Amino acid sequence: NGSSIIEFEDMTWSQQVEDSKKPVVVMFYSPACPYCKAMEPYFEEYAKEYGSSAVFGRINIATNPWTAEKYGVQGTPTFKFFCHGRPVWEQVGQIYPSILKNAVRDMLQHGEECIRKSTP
């Protein structure tokens, strides 16, 4: 649903995520996963609420093993927040929506500093 949710995929991930200016928030999902379906409405409400501050996208892990592998995603849903090109936060599972909402807000405020205060 747009919401402007991007469908990311292996072959252009590096352009769309790692070379992004803006923060990126990603849901790793599987079409088969009941927990992903449970989270989906809230991912879409928060994507709309915060669209001006971040990019939001989903990547199907049934079909995109390379990016799952790259980030060590072992289950679905997995939410990940990217700053400049780099992961800053992750949470796995069906979680209360407010936990997702708050971690997005927190990373929007802190995420750039987290990345500045890490070494590659």
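We number the residues from 1 along the sequence you see.
Of the two segments, 87-95 and 24-32, the one listed with the higher mean B-factor is 24-32 (C-alpha atoms only).
Just going by the entry, 74-82 versus 46-54 on mean CA temperature factor gives the higher value to 46-54. In this PDB entry, the Cα temperature factor of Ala103 sits in the bottom third of its chain's modelled residues, the lowest group.
In this PDB entry, the Cα temperature factor of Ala38 sits in the top third of its chain's modelled residues, the highest group.
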